[PDB]
Amino acid sequence: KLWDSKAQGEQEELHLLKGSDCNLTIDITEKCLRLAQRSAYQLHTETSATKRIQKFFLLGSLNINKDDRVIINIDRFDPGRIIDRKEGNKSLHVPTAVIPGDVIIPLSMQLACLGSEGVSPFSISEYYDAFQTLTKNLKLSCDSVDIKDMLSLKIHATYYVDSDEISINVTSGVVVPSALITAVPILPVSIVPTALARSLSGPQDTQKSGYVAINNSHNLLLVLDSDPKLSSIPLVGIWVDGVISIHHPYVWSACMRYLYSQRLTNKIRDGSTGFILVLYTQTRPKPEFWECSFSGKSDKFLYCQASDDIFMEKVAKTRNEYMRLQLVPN
């Protein structure tokens, strides 16, 4: 045995939305929706044979509240640019300017023909391809763990304009990995007191994470997520700093990242054997140790949509009105 796996506390079940009661909240500022409708109507009037389906992007920020409540605050519309790689004749549709920290939400909107009770948001023809691309990015990324790389959200909006007001039915849908991480508190393991370990047990509310290596003396060495030795060094887990508890969604995101990464080719401890998590919480001077395991289906995902009507005055009252959407999964 590489270390002692005896449980020192209650088991915990990890998932992205566990702390948030499986609920994902979306707040969209009525101003950015109004800009989206304006652009859609211009497009819809610039050509007459093309059916009215506009292609835009919305831009948001990811925020996590007092009680681990995940909220996406979408407040910027960006019509986007078209670029041509010349691989295929069809031109490509891309956001205007991808900002680091921006949640990119593809926005499709169309004027409803007569009446559409059935709502199909984030259809499989486009959402499915987008989510395949998303998980492909999640498998190969070398960057720090980012909660934004863990979900793919799209919005379909059906709108109508009359002389008095603009009315819009907004259906917003998201997909995300379903994997639950089983976590068991375990007894502390000796860590080589390197400079990283000393700075880690020391004192900003910025999350950071890394990976866990082992040396000849069977002592644990903490490693940065940017260390080039990671490609073949034997890895047994991760370290995470800067959260209040294990229920913070950043922890589930880091666990998923460790399990999925194919840049780490020497993961001698994984989900079947159990791997180590060194958690440097903000409420304790020393880290907590957990053994994590997973045994279910690897490529299964959670998804859902929400929809609501909104009625807007033609004149944008100088308010900060917004629309709140929740998560109602299948």
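- Per the PDB record, this model was obtained through X-ray crystallography at a reported resolution of 4.600 Å.

1. Re the sheet that holds strand β18 (residues 328-329)
Adjacent strands of a sheet form backbone hydrogen bonds with each other and so pair up, either parallel or antiparallel.
And then number 1: Read from one edge to the other, the open sheet built from 9 strands follows the order β17-β2-β4-β3-β7-β8-β9-β16-β18, with strand pairing classed as mixed. Looking at the sheet topology across the chains shown, the edges are occupied by β17 (322-325) and β18.

2. Some thoughts on the sheet that holds strand β15 (residues 288-293)
And then number 1: The strand order β1-β10-β15-β14-β13-β11-β12 describes an open sheet built from 7 strands, whose pairing is mixed. Both edges of this open sheet fall to β1 (12-14) and β12 (220-224), since each of them pairs with a single strand only. Pairwise comparison of adjacent strand axes, ignoring direction, gives a mean angle of 30° for this sheet.
And then number 2: The pairing of strand β10 (residues 181-185) with β15 spans 4 bridges and is classified as antiparallel. When the sheet's bridge partners are listed, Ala183 is paired in β15 with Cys292.

3. Quick look at the pairing of strand β9 (residues 165-177)
And then number 1: The pairing of strand β8 (residues 152-161) with β9 spans 10 bridges and is classified as antiparallel. Each residue of the ladder has a partner; that of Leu153, found in β9, is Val174.
And then number 2: The turn linking β8 back onto β9 is made up of 3 residues.
And then number 3: The sheet contact formed by β9 and strand β16 (residues 301-313) spans 13 bridges and is antiparallel. Counted as the bridge partner of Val176 is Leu302 from β16.

4. Some remarks on unusual backbone geometry
And then number 1: The phi dihedral of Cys22 is positive, around 65°, even though this residue is not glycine.
And then number 2: As for its position among the elements, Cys22 is in the loop between β1 and β2 (25-29).
And then number 3: We note that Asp68 has phi near 60°; this positive angle belongs to a residue other than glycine.
And then number 4: Along the chain, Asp68 falls in the loop between β3 (53-64) and β4 (70-78).

Parameters at a glance
Residues numbered from 1 in each chain as written, not as in the entry; some residues may be left out. Heavy atoms only, no water. Residues with missing side-chain atoms left out of burial classes, pairs and counts. Pairing = 2+ DSSP bridges. Helix = DSSP H or I, 4+ residues; strand = E, 2+ residues; numbered from the N terminus. Axes fitted to C-alpha atoms, helices over the stretch in contact; angles between N-to-C directions.

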